[PDB]
Amino acid sequence: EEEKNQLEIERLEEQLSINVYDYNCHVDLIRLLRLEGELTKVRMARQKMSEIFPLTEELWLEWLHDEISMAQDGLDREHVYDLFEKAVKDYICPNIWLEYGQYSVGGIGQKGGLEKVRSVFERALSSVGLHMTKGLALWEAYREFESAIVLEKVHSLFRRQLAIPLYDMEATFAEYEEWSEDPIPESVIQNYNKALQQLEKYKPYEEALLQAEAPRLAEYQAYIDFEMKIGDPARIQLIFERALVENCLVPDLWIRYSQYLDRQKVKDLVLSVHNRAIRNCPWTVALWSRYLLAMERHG
Ligand SMILES: [Cl-]
């Protein structure tokens, strides 16, 4: 069935030359070639797809996994890091960050390898460390890394985490008590209580998301309203980003994120968000207008 396959490879290719904006054709084309072992054409197809489209976490991770295995030396490794840097730009991506962290720990023996690992985890925590269901895996991964080389930094990460509302933060408090020789300070006990209060406050909104059907737009918009009432810029940014993972083809959501950012010392953030907006909703003239106004405003 090689001739059968090659025929449908050529058909999909012709269909892409007819219309490059056919997402499923790209995916179908790439799926074949990975099985067929045409490693060169798979990489080229992935490169071309990723120029045209923002990719989901799953699509990125399939690519990254193949490239990790094929990387043999320090230079190949750097090109894999370049691929991670491209990968993390599209949407918030806790699993890509976890894999970036693990790959970096794999390269610990590179010169500067320790700094690279800590940079990766700190950057991950900056993006997803407040994520109520998915942030905890990154705090735990970072603590397991820091433990495996000591141990004040592990105290730091327990205490930093416990100031933040996350699911299973009760278990982390118990863990920290049992782990710590000394007892936990009062300030950290006080912030933990404040964080538990926050957690309870957010629980109805999280439950609404989990209960509602995908892509749960109304439940996201209500959560966004709620966080915008509360006013923490990091939290507002996070909820927009969570909503956009599932609602990336909704121009109104990007526009709302853009309006919020028009009221902010954050040039790099503003311009990266607008680029992502036009990659996801390229037919929306208002988003292109907004992107160019933002560039002028920040020039
Ligand atoms: Cl880095």
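Residue numbering for chain A follows Swiss-Prot, covering 90-239, 244-357, 359-393 in order.
Per the header: X-ray crystallography, 2.0 Å.
Cβ atoms here come from the backbone N, Cα and C positions, even for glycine.
The phosphoserine annotation in Swiss-Prot covers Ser215. Taken residue by residue with DSSP, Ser215 (phosphoserine) is part of a helix. The Cβ of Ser215 (phosphoserine) lies under 8 Å from the Cβ of no residue that sits 6+ residues away along the same chain.
Annotation comment: Swiss-Prot describes 126-158 as repeat 'HAT 1'.
The repeat 'HAT 2' annotation in Swiss-Prot covers 164-195.
The feature repeat 'HAT 3' is assigned by Swiss-Prot to 201-237.
Counting only same-chain residues 6+ beyond the ends of the repeat 'HAT 5' (324-356), those with a CB under 8 A from a CB of the stretch are 143, 180-181, 216-217, 219-220, 307-310, 313-314, 316-317, 363-364, 367-368, 371, 374-375, 378, 380-381, 384, 388. Taken from Swiss-Prot, the feature repeat 'HAT 5' applies to 324-356.
Look at Swiss-Prot and you will find 359-391 tagged as repeat 'HAT 6'. Within the chain carrying the repeat 'HAT 6' (359-391), a Cβ under 8 angstroms from the stretch's Cβ atoms is held by residues 142-143, 178-180, 330, 337, 341-344, 347-348, 350-351, all 6 or more beyond its ends.
Secondary structure of the repeat 'HAT 2' (164-195) per DSSP (helix as H, G, I; strand as E, B; remaining residues coil): 26 helix, 0 strand, 6 coil. Here 4 residues go unmodelled in the deposited structure, bounded by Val239 on one side and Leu244 on the other; the Cα atoms of these bounding residues are 5 Å apart.
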